[PDB]
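Novice: I am attaching a structure below and will ask some questions about it afterwards.
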Amino acid sequence: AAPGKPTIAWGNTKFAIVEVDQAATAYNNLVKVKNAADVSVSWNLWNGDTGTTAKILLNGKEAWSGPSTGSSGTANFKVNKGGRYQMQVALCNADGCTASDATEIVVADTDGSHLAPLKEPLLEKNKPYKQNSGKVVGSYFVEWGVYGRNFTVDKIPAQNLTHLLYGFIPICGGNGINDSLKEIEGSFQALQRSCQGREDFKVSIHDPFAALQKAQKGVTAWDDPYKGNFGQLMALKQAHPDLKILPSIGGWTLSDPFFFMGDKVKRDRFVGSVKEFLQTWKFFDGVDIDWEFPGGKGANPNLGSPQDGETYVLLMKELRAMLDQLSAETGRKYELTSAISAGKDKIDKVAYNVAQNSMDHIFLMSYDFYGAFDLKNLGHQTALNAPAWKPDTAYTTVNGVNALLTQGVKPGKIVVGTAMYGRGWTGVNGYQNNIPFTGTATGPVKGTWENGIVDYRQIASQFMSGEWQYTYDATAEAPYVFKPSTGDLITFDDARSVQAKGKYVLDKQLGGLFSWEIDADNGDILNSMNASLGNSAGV
Ligand SMILES: CC(=S)N[C@H]1[C@H](O[C@H]2[C@H](O)[C@H]3N=C(C)S[C@H]3O[C@@H]2CO)O[C@H](CO)[C@@H](O[C@@H]2O[C@H](CO)[C@@H](O)[C@H](O)[C@H]2NC(C)=S)[C@@H]1O
Ligand SMILES: CC(=S)N[C@@H]1[C@@H](O)[C@H](O[C@@H]2O[C@H](CO)[C@@H](O)[C@H](O)[C@H]2NC(C)=S)[C@@H](CO)O[C@H]1O
């Protein structure tokens with residue numbers, strides 16, 4: 001007779017090729033990369049002969065074999081490819097093999113190969129678009145948005161994007177290296193903790209809880225190897241295999257380390273850490289460099305050197321050569337991008353006509369042109385053109401694109417930025433001819449999360465009734481709302497200024513549009529990005 005039918009023993013069924021240690025706060029102990037998951041299966045035989053060989057089958061294929069020596073057994077073996085597998089124990093002798101009922105097991109890997117697709121319905125005013133324009137449609141999702149803003153990866157309108165950028169991946173470094181973080185409560189200490197035991201100038205994860213452990217839709221089971229933003233991004237990738245998801249390194253508060261990268265020892269260390277990071281977190285499709293800014297005038301008033309332009313071009317070249325080597329190992333296409341100042345004075349510190357040869361896209365940060373950081377000189381924060389009242393306005397979108405084009409940047413590389421938020425002032429007074437921008441302010445507008453800044457969502461739902469005037473400047477291509485009694489003035493992008501940006505992109509054969517930041521939109525901004533670049537409606 002063939003052997004009796006074994007019963008799989010109750011026990012853990014989820015395993016990981018990259019393991020996350022659940023009691024560790026240092027990135028180096030938090031993440032353990034192995035060549036294969038260590039899987040274990042046990043079984044009992046309640047009736048019949050135990051056979052002479054026991055096998056573990058995964059989808060019918062043997063992963064382990066050994067002598068069957070008793071009524072109970074355990075197999076420990078390695079599985080090097082992620083997936084959900086129908087696992088059976090089979091007992092064999094000379095007269096046949098008898099296989100257990102299948103138990104599904106999970107072998108987790110950071111491509112999300114073990115995850116059900118995260119395919120969620122569009123929310124708020126988001127309408128479905130097909131990505132068939134061949135243009136970039138990008139937005140940033142912020143790591144910390146999962147807390148007070150309560151905006152998680154399942155709320156991203158992912159079908160309506162070609163690029164999703166994750167803000168922000170930090171670079172390790174204490175005093176002198178990440179001093180801009182100190183202006184944010186607990187933020188500098190969170191990075192030191194994450195970077196404990198890790199060399200400076202290597203990438204890390206700023207909030208490992210938000211990135212990997214916070215329970216979220218699709219990753220709420222205690223034994224899910226990956227949770228938080230990264231676990232959901234993995235499942236998002238499974239739903240949207242052609243979405244490019246790029247880790248963004250830098251930003252306003254995490255740019256200080258770039259200023260030291262004229263030292264090739266530090267630069268090589270950084271590039272190698274980026275390579276390792278992408279080998280570790282397979283769901284990412286490249287890297288976005290957000291260095292604010294070569295030459296200084298970023299958050300840190302003590303950094304900035306004339307050497308920064310040269311450092312920037314060397315960094316892009318070296319990152320491209322590392323990515324080409326990774327593409328060759330893996331067979332995937334990897335992208336290299338950078339978010340840059342749209343101000344001509346900052347643009348002219350870098351030879352983008354040289355760096356473009358390494359880069360897929362330049363994300364032109366054509367926003368924050370004006371704001372509550374200057375109470376004397378008011379203007380449109382994200383306009384396409386100058387306004388009629390000051391045609392020589394320095395900071396406009398067209399001036400930033402023209403600076404790049406004049407360098408010799410190819411128009412197809414240039415991705416024009418739109419704002420999903422407004423900037424604003426209170427107490428505006430002293431203006432001429434009913435144009436509030438010609439006056440001066442006494443403070444920042446009351447903000448959604450921080451002073452002087454309002455989510456586009458709140459502008460649309462709260463500041464288009466009562467005493468609020470609404471004006472679309474058609475010369476600038478720029479909307480604004482104004483409440484004269486309090487002098488509250490807010491400058492923002494709307495469906496119409498975005499449509500003008502998209503038309504301009506098509507006119508000038510630019511690369512597409514991108515936006516900061518995805519949690520602040522109600523759908524109006526992203527619908528308009530998609531429509532204006534000519535993407536067709538419908539799922
Ligand atoms: C007004 C806003 S939304 N400021 C956030 C800021 O954003 C910049 C951004 O860095 C720069 N890079 C782009 C890419 S687009 C461009 O413009 C946006 C908006 O002008 O980014 C800061 C981080 O670099 C944000 O800081 C964080 O602030 C929140 C509190 O509001 C805090 O809880 C987080 O811990 C901070 N994140 C850090 C990494 S320090 C800022 O909100
Ligand atoms: C027209 C110019 S050059 N405006 C800058 C403005 O960029 C600065 O701001 C910052 O904008 C960057 C890039 O988008 C953004 O990352 C920062 O969050 C903004 N920094 C703030 C403190 S808001 C601004 C610096 O205050 O200077 C203007 O001149």
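Letters A, B, ... go to the chains of the structure tokens in the order shown; residues in each chain start at 1; ligands are counted from 1 in the same order.
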Counting only C-alpha atoms and all ligand atoms, name the residues that have an atom within 8 Å of an atom of ligand 1; the answer should be given as number ranges by chain.

Specialist: A: 140, 144, 167-168, 170, 181, 184-185, 187, 206, 248, 250-254, 290, 292, 339, 365, 367-368, 421, 449-450, 452-453, 515-517

Novice: Give me the residues within 10 Å of residue 504 in chain A as a ChimeraX atom specification, counting only C-alpha atoms and dropping any in the same chain fewer than 3 places off.

Specialist: /A:384,398,416,498-501,507-510,512,532-533

Novice: Which residues are near ligand 2 - at most 9 Å, using only C-alpha atoms and all ligand atoms? Format: as a ChimeraX atom specification.

Specialist: /A:251-253,290,292-293,297-299,339-346,365-374,381,394-396

Novice: Which residues in range 283-491 of chain A does DSSP call strand (DSSP E)? List them as a ChimeraX atom specification.

Specialist: /A:286-290,335-341,361-365,414-419,421-426,443-444,453-455,469-473,478-483,488-491

Novice: Between A:85, A:291, A:151, A:492, single out the one closest to residue 57 in chain A, counting only C-alpha atoms.

Specialist: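 Selected residue with least distance to residue 57 in chain A: A:85.
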
Novice: Hey, what's within 6 Å of range 39-46 of chain A if we count only C-alpha atoms and toss same-chain stuff fewer than 6 positions away? As a list in words, please?

Specialist: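 In the requested format, the answer is residues 6, 7, 8, 9, 71, 72, 73, 74, 75, 76, 77 and 78 of chain A.
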
Novice: Filtering to C-alpha atoms, could you give me those residues as a PDB file, in the first residue's frame?

Specialist:
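Final file, part21.pdb:
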ATOM      1  CA  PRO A   6      -0.136  13.275   6.102  1.00  0.00           C
ATOM      2  CA  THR A   7      -1.677  16.286   7.922  1.00  0.00           C
ATOM      3  CA  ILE A   8       0.202  19.575   7.876  1.00  0.00           C
ATOM      4  CA  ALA A   9       0.869  20.806  11.424  1.00  0.00           C
ATOM      5  CA  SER A  71       4.626   9.624  12.729  1.00  0.00           C
ATOM      6  CA  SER A  72       5.697  13.293  12.915  1.00  0.00           C
ATOM      7  CA  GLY A  73       8.307  15.252  10.956  1.00  0.00           C
ATOM      8  CA  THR A  74       9.731  18.721  10.414  1.00  0.00           C
ATOM      9  CA  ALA A  75      11.470  20.105   7.268  1.00  0.00           C
ATOM     10  CA  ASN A  76      13.636  23.290   7.273  1.00  0.00           C
ATOM     11  CA  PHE A  77      14.570  24.508   3.827  1.00  0.00           C
ATOM     12  CA  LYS A  78      15.276  27.633   1.805  1.00  0.00           C
TER      13      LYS A  78
END

Novice: Within 8 Å of residue 488 in chain A, counting only C-alpha atoms, which residues qualify if same-chain residues fewer than 5 places away don't, as a PDB file with N, CA and C atoms, in the first residue's frame?

Specialist:
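So the final result, stored in part04.pdb, reads:
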ATOM      1  N   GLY A 424       0.033  81.772   1.340  1.00  0.00           N
ATOM      2  CA  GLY A 424      -0.689  83.036   1.546  1.00  0.00           C
ATOM      3  C   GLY A 424      -0.314  83.908   2.719  1.00  0.00           C
ATOM      4  N   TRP A 425      -0.827  85.144   2.652  1.00  0.00           N
ATOM      5  CA  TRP A 425      -0.601  86.194   3.635  1.00  0.00           C
ATOM      6  C   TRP A 425      -1.900  86.617   4.339  1.00  0.00           C
ATOM      7  N   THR A 426      -1.731  87.219   5.513  1.00  0.00           N
ATOM      8  CA  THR A 426      -2.815  87.896   6.186  1.00  0.00           C
ATOM      9  C   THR A 426      -2.466  89.370   6.265  1.00  0.00           C
ATOM     10  N   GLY A 427      -3.482  90.212   6.458  1.00  0.00           N
ATOM     11  CA  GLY A 427      -3.261  91.636   6.705  1.00  0.00           C
ATOM     12  C   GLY A 427      -2.775  92.405   5.502  1.00  0.00           C
ATOM     13  N   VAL A 428      -2.962  91.860   4.296  1.00  0.00           N
ATOM     14  CA  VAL A 428      -2.517  92.585   3.098  1.00  0.00           C
ATOM     15  C   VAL A 428      -3.240  93.933   3.001  1.00  0.00           C
ATOM     16  N   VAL A 445      -0.805  83.607   6.118  1.00  0.00           N
ATOM     17  CA  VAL A 445      -2.210  83.186   6.246  1.00  0.00           C
ATOM     18  C   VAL A 445      -2.316  81.999   7.230  1.00  0.00           C
ATOM     19  N   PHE A 482      -9.159  86.252  -2.140  1.00  0.00           N
ATOM     20  CA  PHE A 482      -8.827  87.377  -1.303  1.00  0.00           C
ATOM     21  C   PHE A 482     -10.014  87.762  -0.410  1.00  0.00           C
ATOM     22  N   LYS A 483      -9.746  87.984   0.871  1.00  0.00           N
ATOM     23  CA  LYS A 483     -10.772  88.392   1.811  1.00  0.00           C
ATOM     24  C   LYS A 483     -10.361  89.773   2.315  1.00  0.00           C
TER      25      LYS A 483
END

Novice: Within 7 Å of residue 311 in chain A, counting only C-alpha atoms, which residues qualify if same-chain residues fewer than 4 places away don't, as an mmCIF file with N, CA and C atoms, in the first residue's frame?

Specialist:
data_model
loop_
_atom_site.group_PDB
_atom_site.id
_atom_site.type_symbol
_atom_site.label_atom_id
_atom_site.label_comp_id
_atom_site.auth_asym_id
_atom_site.auth_seq_id
_atom_site.Cartn_x
_atom_site.Cartn_y
_atom_site.Cartn_z
ATOM 1 N N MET A 261 29.544 66.289 -0.774
ATOM 2 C CA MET A 261 29.840 65.247 -1.777
ATOM 3 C C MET A 261 30.879 65.607 -2.827
ATOM 4 N N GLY A 262 31.444 66.810 -2.730
ATOM 5 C CA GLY A 262 32.717 67.106 -3.462
ATOM 6 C C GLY A 262 33.848 66.165 -3.040
ATOM 7 N N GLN A 307 31.762 75.070 -6.004
ATOM 8 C CA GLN A 307 32.041 73.704 -6.484
ATOM 9 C C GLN A 307 30.736 72.882 -6.712
ATOM 10 N N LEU A 315 27.826 63.643 -9.561
ATOM 11 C CA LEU A 315 26.896 62.758 -8.852
ATOM 12 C C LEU A 315 25.906 62.110 -9.814
#
